[PDB]
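[1] sequence first, structure after, both from an experimental entry:
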Amino acid sequence: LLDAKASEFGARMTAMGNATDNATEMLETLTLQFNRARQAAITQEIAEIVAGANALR
Amino acid sequence: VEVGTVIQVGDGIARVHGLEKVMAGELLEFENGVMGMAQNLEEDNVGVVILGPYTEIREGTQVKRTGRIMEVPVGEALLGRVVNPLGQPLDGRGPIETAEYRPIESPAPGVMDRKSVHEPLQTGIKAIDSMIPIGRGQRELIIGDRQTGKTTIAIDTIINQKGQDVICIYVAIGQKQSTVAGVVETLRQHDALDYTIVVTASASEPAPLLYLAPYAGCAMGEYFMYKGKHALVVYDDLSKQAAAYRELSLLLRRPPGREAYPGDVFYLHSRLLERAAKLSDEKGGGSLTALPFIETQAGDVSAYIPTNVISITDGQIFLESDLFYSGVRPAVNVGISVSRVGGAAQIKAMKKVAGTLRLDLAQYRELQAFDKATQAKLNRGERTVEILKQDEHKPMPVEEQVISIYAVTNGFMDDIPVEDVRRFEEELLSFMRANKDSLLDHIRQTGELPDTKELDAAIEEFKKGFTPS
Amino acid sequence: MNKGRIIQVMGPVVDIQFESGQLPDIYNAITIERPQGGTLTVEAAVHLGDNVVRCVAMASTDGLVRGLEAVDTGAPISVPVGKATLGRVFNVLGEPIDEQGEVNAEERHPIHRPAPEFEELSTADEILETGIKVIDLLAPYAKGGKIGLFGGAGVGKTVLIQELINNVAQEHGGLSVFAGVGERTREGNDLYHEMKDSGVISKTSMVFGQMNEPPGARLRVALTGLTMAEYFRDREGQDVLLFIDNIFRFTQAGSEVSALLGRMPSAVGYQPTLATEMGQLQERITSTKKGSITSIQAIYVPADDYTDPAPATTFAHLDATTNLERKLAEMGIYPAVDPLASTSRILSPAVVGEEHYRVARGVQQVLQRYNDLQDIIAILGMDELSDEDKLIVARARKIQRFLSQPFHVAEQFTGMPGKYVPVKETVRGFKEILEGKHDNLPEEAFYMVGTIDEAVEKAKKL
Amino acid sequence: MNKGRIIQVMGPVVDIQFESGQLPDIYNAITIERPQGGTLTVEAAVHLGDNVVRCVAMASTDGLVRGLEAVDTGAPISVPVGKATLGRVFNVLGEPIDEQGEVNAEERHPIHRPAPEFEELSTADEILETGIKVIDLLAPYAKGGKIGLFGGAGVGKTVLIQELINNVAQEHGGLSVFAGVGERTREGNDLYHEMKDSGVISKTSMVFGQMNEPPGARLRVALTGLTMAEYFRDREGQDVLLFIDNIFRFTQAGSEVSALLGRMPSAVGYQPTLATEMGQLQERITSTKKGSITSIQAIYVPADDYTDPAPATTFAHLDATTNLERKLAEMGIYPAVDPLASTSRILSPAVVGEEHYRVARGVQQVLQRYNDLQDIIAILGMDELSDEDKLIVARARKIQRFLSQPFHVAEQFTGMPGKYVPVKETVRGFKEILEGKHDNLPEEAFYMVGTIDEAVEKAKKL
Amino acid sequence: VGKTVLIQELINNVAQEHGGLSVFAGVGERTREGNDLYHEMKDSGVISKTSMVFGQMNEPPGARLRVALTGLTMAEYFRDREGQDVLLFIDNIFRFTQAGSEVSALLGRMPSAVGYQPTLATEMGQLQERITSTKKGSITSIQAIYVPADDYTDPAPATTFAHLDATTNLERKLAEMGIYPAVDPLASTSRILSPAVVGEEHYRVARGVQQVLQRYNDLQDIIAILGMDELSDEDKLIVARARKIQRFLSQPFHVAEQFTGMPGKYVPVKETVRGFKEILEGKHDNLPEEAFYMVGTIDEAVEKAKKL
Ligand SMILES: Nc1ncnc2c1ncn2[C@@H]1O[C@H](COP(=O)(O)OP(=O)(O)O)[C@@H](O)[C@H]1O
Ligand SMILES: Nc1ncnc2c1ncn2[C@@H]1O[C@H](COP(=O)(O)OP(=O)(O)O)[C@@H](O)[C@H]1O
Ligand SMILES: Nc1ncnc2c1ncn2[C@@H]1O[C@H](COP(=O)(O)OP(=O)(O)O)[C@@H](O)[C@H]1O
Ligand SMILES: Nc1ncnc2c1ncn2[C@@H]1O[C@H](COP(=O)(O)OP(=O)(O)O)[C@@H](O)[C@H]1O
Ligand SMILES: [Mg+2]
Ligand SMILES: [Mg+2]
Ligand SMILES: [Mg+2]
């Protein structure tokens, strides 16, 4: 039982160590997507304002 | 002379009255010697983009026709010289004395004018020459983040053309002038400058000169292509050119789109790289090889400008950041890098030895992020990685590359430790150059691999003398 | 022949002043003799007023001067049609670019015309076997229908359309037409010699207006090839194959001219006339009562964004869609076809049969659940999944690999010889996988093979 | 010289009409006498037509009236240079703001000029020895290089700046310039007094473009400081330091000016001249044959996004980064430079020697290993670590303390006198620790000393 | 999400037994709903107390721009001149701002952020500040406020927040579950939520509900990946009670019988406070979740659990 418990907790270290490394990989991918959308949103918003102003003049 | 007068000017863009008989895209000269480009011919006026400093140009300033379509000087007068996009010398070694000129804008070779790429352009870099081989007339994108080894691939490729009768053109667009000065000094030390033309439009230079720089370098390469010779052009980089063209387009109030770029931003690069080609026997058989650069942000190959240039070129060499900052240089990403020409751009020996080398390493890196059978592939993989590592400014002859790759792939370094593989390679080639020179010379002359049994004995003969850690 | 004078030159746009009463119509070809020699053809677009016509140039406008003479031809750009175009290579103006002498063609048809009438139209309700497993199973093409190959940069559009030329057009009774629109000139040179060796060239008319060319040429070059295909359809009653690589470049070239025409931009900087221009081109590409056109069009997706106006508006003009995806390409899954995003109008029991339909939707149900579990699988792997999902994931990964296939055109890259899989074998293979008949076999056995028998054979030496 | 009339006043923009054939050049300073005393300076930006010049104001436009006389100075904003600038505080126009009397310089140079010519430039990278162990070893500065300074509030940013001024002046004889781009007036007052107390005031000229000044003033203030730095390079051959805090506020000012002039914005709302403006500033900071200007630049990163156009364009010019960490300052490790996060382009066998690179990488590998084991040590304990790791942990703790250093400027804080440590001594000291020569010495011996000999000398006293 | 259904229920509950007068302003909304409300007010007898004004989404922008002022002027009379309490119902006030946005560019005005007019705040304030109680009379104003794209950061609803003493913040995610009225229990706010007005017990129970629901939201993203059984016994009990509290916050409306398929319920305040107090104390932990869903009092939840 004690040896099986040692194997259980060791297996949980590895599995949750991988899940931590996988989470950091995904967190970077999401941060790239966010900053892609943030930059695209500001580019579009300001372009529509300037386009609207040029239509009057 | 036929004169005009500036009526409005701002941000290097002028409106000129007069110049009645001026052509569209004509070279113009202002009072103070600064050059200009007649972009738009309007009903009563002319739109002029200033191709230089504009702090002495104003309303009332006069400008004259040259009678010439936008052009640059070309030929052997530019060899070993540093110039701007107009062909004016920056090195301070006197003027460019030449009678030959070629236009900035020029049509690409037609459908019947070309031939399929079948001649090697050896970079001298093991990772590239084996896995992503470049041919004469090919367009191969070099793409990757800031400080991932892009310029070093181009300079080492240029250095490797010494004694190969290939003219080189290094076009610097939007780079620091420090680095271009360093590049020309590196070429001087390796005796690569005397067959190389350096076109430079630095980051302090106004945007229209960054815009024109690749086309000026292309024209200089084209001269040699259409006369039967072979040339290599490097655009370092097209991200600076694209951004410079966006500035010009936004100053002209042209409608912006994706990432604020104009609708003809793909056409900016597509007409540039179409002019790089391999001509037919009827047209002299010459070629122009293109190595355009794109600098990604955070490794994002799916962005607008990167996907434009991937859509133009004949494959690409992606440089991985994580590999580059963990010992692996050059940091070639085997998974997404590819050469469309492939085996046709390699000699017979290199093709046979490194036939499946890219997919074997792609499989290795997949298995690394994860038994006895797969354990042997990991051990073989680590050793092949050490062979493809290479110091900067040290090109390797193709006969030496194929021997080095032959040894590691057939298992002559499995009993040797991983840390000794780089030294094993270096000492094996010293043994091969000094003693067994006939095996190397067979590859040089024919292009084919030597006798299998004779080469295996020569490697095993060296292994007796070698001593591991 | 009525004369005119150049007033303005603005990139690919040229304004020309004509005398009162002699004003050229919209879409009329106008020739201008250059000061450097040669002729520049120009196409009338807008009537500005004061007898001035704003036009779009079909070639470079560098070297032009204000006041030069312009000659109205009295009609649109007109190009050769019929048997004389077969085995020949053309440009936007219908001039030969193959250096095989003159094209002795009787008639010259105008590249601009209205779409066919409603009563002329003919619906495509019959499967066209490609021999490619993902297409034939999940999103099959229709005979005389409209097919679209969507994809980002370097995902495999040209490799796919070349494979469809190899599989479909070689053993085709009728005629063929290829249109190079804004792509690599090298690939046109490759495809010419590729078709010349195989002998398919003699029943193929080719037209090229590639990425080297100015935007006016890239805008109208598809209409040149289309007019030749329309003649074979209507006049000769032929079964025509129309290949276009890449139709996005026609829309892209439209945005370039639209900027210097002075029109106000729409969403993402595109021309306001994006949908109308696309419809006026696309609606002519269709089957009629007299004859059929089976069109296969490569469609570029800017920055891998399918919601971009260009590919988004293209979806309306298609019976079947092959949606290529970079993620599958980077995994080694070729062809990189998204099995859920790719759709077809003829995937129904009436056309493909009950078994085909049931197996197709069964595959998509497995893959849909696998797609839903990706966020969990990315973090925790397959350890916390239920016994039911573990089986679904295991079958999904095998399905995903059996959907891949080695191509005849991709022999040069991979090294594996290409495979042609019949529809019956494709339906049988994925049926057996759904029934758990090959649960014992490892995953790599399903990767890059033809039939399910080849997967059984591959598993032995593995 | 040229004289004009104010026709419009619209916020910080002023349109001035001049007489025909006698207009100011672009970037020329134009002085306007205020009705209620004083002088407004404006900078010529655009030539609109009808002899009208649009100008960007360097101070407030309130109180101005249409029709007032505006005098063209005939050149750009010209500012004093040489030893008269040392120990003084300036504005964008080169006028003293310290109330410390007259500035008797011999020459005044224009702030607008081209970058150095190709023939003038240095052709190889050379280290600039700061005398600071952590910087010189792990992230060395290059002559003519640009360094990104990162760090929170109260971590030793101002103390590090003052020490670099002191060390370069003491050992290399190179003077300094501080350019406060968007300086907070409270903090400018503090920095002036802090530099007086440390004594580095006499080696530095200060230029503030304060937060409450117009966008034109904050845009050009870096060029004023740059021009003062250029004199000492070009005339006296010095390796000069140029501090710019904050470089983002220079870009921000350009965007604000661009909006006032009515230009179409670029991506993420930035000015279309983003790269041009940054490049024209940055390229002037370089190594010539006569001397160099090395620049330490504080950089704000919008939304913590390094792909944003402002930092992305700035990072194109950077040669190194000095990353200050708060956790090191809390431990007492000053200077609090992060030895793993700080990087340099010139850390290689080409620029520095083979030994320097070997030792620097060895230090990094040891400190990285110690950083990875922090979670394992905290929970499991030291007995969990292998015999190899125990030694690595011991050496890493010694290495981390030997990276600290007593500063000449920080004698008040630490108590001990300051130390300048040469590169050769730094390389030798960390080499000997990695080889295991000083394993038996206590950890306090390595803390707050200069050379490795001073650590051995400290060990007997403990 | 449920603005019109909510305001119609507030008319049914508050305006039915109201001693004073009322005004309804239909501003840029569905004409069907104006006909529905008119005939509903005619049947109940509330029409005699109520002045109605309509300028609906069929109308041009100018009509939608000024129709709220027409209704407001009638309400202002009943406040100032006559000595009687007024209820002012507006559905939907956003349409005033949108109507101004439609005409803005044609009036010659350069656009502001998110396609809106530059005079958004000034035009809103000059209308909104008239809608108020004074020393002369009392106006209880209830205004439906459209949130475009479910985006509360949008300039129109963002600017509107300054003009309110209480806010009922509807969210789609609650409506997507079937929780009606889909009221955000955290983001909804009131100036009179304090011990001085509602008493010490009311404030403590209300705050207790918010802390339990806040903790449930913090655990939702953790539970979704890592699972339910990895939590502590305290957190498992918090999750169980939060879901029951969230369902007891739902309620069947008198005006929404055709959508709910059951009779509407009125619940007194002292009864409401008692119900949620007993759930926090743990007296209904053995009742299933569906028992708390769509009921009036806590007694009805005990009766509903027997059916399940
Ligand atoms: N194979 C290599 N071995 C060692 N150092 C290299 C190698 N390739 C590049 N470097 C170095 O790495 C740095 C980045 O290379 P560089 O070509 O400048 O990248 P980029 O042009 O993409 O910024 C340079 O300092 C260069 O000297
Ligand atoms: N079916 C396939 N099998 C193997 N590789 C492929 C396949 N399709 C594409 N590729 C790879 O992708 C590259 C680009 O293909 P291509 O058709 O040119 O893409 P696109 O036309 O979409 O830009 C090819 O050179 C090849 O390396
Ligand atoms: N080299 C150093 N040695 C000892 N203490 C230091 C050192 N640098 C900074 N400090 C401590 O940190 C405080 C803040 O330093 P300062 O340079 O003003 O930080 P910042 O400019 O980032 O606000 C100082 O008052 C001092 O006590
Ligand atoms: N209290 C409620 N009970 C049951 N269903 C509701 C309730 N509120 C809204 N709904 C459902 O949502 C629909 C939309 O409600 P409505 O008030 O018209 O939304 P809006 O917020 O757009 O005015 C209703 O027709 C009904 O089906
Ligand atoms: Mg570089
Ligand atoms: Mg393609
Ligand atoms: Mg409603």
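    Yep, it's here. Numbering: from 1, shown residues only, chains lettered A, B, ... in the order given. Ligands and ions are numbered 1, 2, ... in the order given.

[2] so how many other residues sit close to the closest residue to residue C:302 other than its chain neighbours?
    With Cβ to Cβ, 6 or more residues apart in numbering or on different chains as the measure, residue C:308 is the residue that lies nearest to residue C:302, at 4.8 Å, once sequence neighbours are left out. The C-beta positions use only the backbone N, C-alpha and C, and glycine is treated the same way. The local packing of residue C:308 (other Cβ atoms under 10 Å in any protein chain shown) involves 20 other residues.

[3] what do you get for residue C:138?
    The local packing of residue C:138 (other Cβ under 10 Å) involves 25 other residues.

[4] now do residue C:395
    By other Cβ under 10 Å, 22 other residues sit near residue C:395.

[5] tell me the spacing between the residue in chain A that ligand 1 sits nearest to and residue B:303.
    Closest approach between chain A and ligand 1, counting by Cβ to the nearest ligand atom: residue A:32, at 19.6 Å. As judged by Cβ to Cβ, to the nearest Å, residue A:32 and residue B:303 stand 10 Å apart.

[6] hmm, back to that, relative to residue C:149, how far out is the residue nearest to residue C:302?
    Taken as Cβ to Cβ, the spacing of residue C:308 relative to residue C:149 amounts to 16 Å.

[7] then residue B:32?
    As judged by Cβ to Cβ, residue B:32 and residue C:149 stand 55 Å apart.

[8] close to chain B: what parts of chain A are there?
    Taking Cβ under 8 Å from any Cβ of the partner chain as the contact definition, chain A meets chain B at A:32, A:36, A:39, A:40, A:43, A:47, A:54.

[9] how about 10 Å then?
    Residues of chain A that fall close to chain B, judged by Cβ under 10 Å from any Cβ of the partner chain: A:21, A:28, A:31-33, A:35-36, A:39-40, A:43-44, A:46-47, A:50-51, A:54.

[10] now, of those, which are buried?
    When burial is judged by neighbour count using 16 or more other Cβ atoms under 10 Å in any protein chain shown, the buried members of the residues of chain A next to chain B are A:32, A:35, A:36, A:39, A:40, A:43, A:46, A:47, A:50, A:51.

[11] which stretch of helix or strand covers the third one?
    Taking DSSP states H and E as the definition, one finds residue A:36 inside helix A:2-56.

[12] how distant is that helix from the center of its chain?
    Chain-centre distance of helix A:2-56: 0 Å, with Cα atoms, centre = their mean, to the nearest Å.

[13] stretch A:46-57 too?
    34 Å.

[14] show me what it is in contact with.
    Residues outside stretch A:46-57 that contact it (Cβ atoms under 10 Å, 6 or more residues apart in numbering or on different chains): B:253, B:255-257, B:260, C:264-269, D:259, D:262-270, E:104-106, E:108-115.

[15] in helices only, show me the residues you listed.
    Using DSSP state H, D:259, E:104 are the members of those that sit in helices.

[16] from the contacts of stretch A:46-57, list the ones also adjacent to ligand 4.
    Restricting the contacts of stretch A:46-57 to those near ligand 4 by Cβ under 6 Å from any ligand atom leaves nothing, as none qualifies.

[17] report how many residues lie close to residue C:333.
    Other residues within reach of residue C:333 by the criterion other Cβ under 10 Å amount to 20.

[18] burial count for residue 11?
    No chain specified, so I'll use chain A. 11.

[19] chain C was what I was after
    24.

[20] cool, residue B:2 as well?
    Each residue near residue B:2 was counted by other Cβ under 10 Å, and the total is 12.

[21] what's the distance between the closest residue to it other than its chain neighbours and residue B:72?
    Setting aside the residues directly before and after it, residue B:2 is nearest to residue B:65 in space (Cβ to Cβ, 6+ apart), at 4.7 Å. Summarising the geometry, the distance separating residue B:65 from residue B:72, computed by Cβ to Cβ, is 18 Å.

[22] try residue C:335
    Taking Cβ to Cβ, one finds residue C:335 at 44 Å from residue B:72.

[23] is stretch C:177-190 up against ligand 2 anywhere?
    No. Between stretch C:177-190 and ligand 2, judged by Cβ under 6 Å from any ligand atom, nothing touches; the nearest distance is 7.8 Å.

[24] how long is that stretch from one end to the other?
    Taking Cα to Cα, to the nearest Å, the span from the opening residue of stretch C:177-190 to its closing residue is 16 Å.

[25] write out the residues of chain A neighbouring chain E.
    Contact residues of chain A with respect to chain E, defined by Cβ under 10 Å from any Cβ, are listed as A:16, A:19, A:23, A:45-46, A:48-57.

[26] overlap in contacts of residue A:32 and residue B:303?
    The overlap between the contact sets of residue A:32 and residue B:303 (Cβ under 10 Å, 6+ apart) consists of B:297, D:307.

[27] burial count for residue C:27?
    Burial of residue C:27, expressed as a neighbour count using other Cβ under 10 Å, amounts to 17.

[28] kindly report the same for residue C:170.
    Applying other Cβ under 10 Å, we find 12 other residues in the vicinity of residue C:170.

[29] who touches residue B:227 in this structure?
    Contact analysis of residue B:227 by Cβ under 10 Å, 6+ apart lists B:75, B:100, B:284, B:286.

[30] sorry, back to before: between the residues of chain A next to chain B, which is closest to residue B:466?
    Of all the residues of chain A next to chain B, the one with the least separation from residue B:466 (Cβ to Cβ) is residue A:21, at 38.8 Å.

[31] hang on, the earlier thing: so what does the nearest residue to the residue of chain A closest to ligand 1 once chain neighbours are set aside have for phi and psi?
    The spatially closest residue to residue A:32, leaving aside those adjacent along the chain, is residue B:298, at 5.7 Å (Cβ to Cβ, 6+ apart). The main-chain torsion angles of residue B:298 are listed as degrees, to the nearest 10 and equal phi 60, psi 30.

[32] with residue B:142 instead?
    Backbone dihedrals for residue B:142, given as degrees, to the nearest 10, come out at phi -110, psi 110.

[33] distance check, it against residue B:148.
    Here residue B:142 is placed at a distance of 10 Å from residue B:148 (Cβ to Cβ).

[34] contact partners for the nearest residue to residue C:124 once chain neighbours are set aside?
    Nearest-residue entry for residue C:124: residue C:145, 3.6 Å, with adjacent residues in sequence omitted and distances by Cβ to Cβ, 6+ apart. Residue C:145 makes contacts with C:123-128, C:286-287, C:292-296, C:318-320, C:344-346, as judged by Cβ under 10 Å, 6+ apart.

[35] and the residues you listed, which are buried?
    The neighbour-count test (16+ other Cβ under 10 Å) marks C:124, C:127-128, C:286-287, C:292-296, C:318-320, C:344-346 as buried among these.
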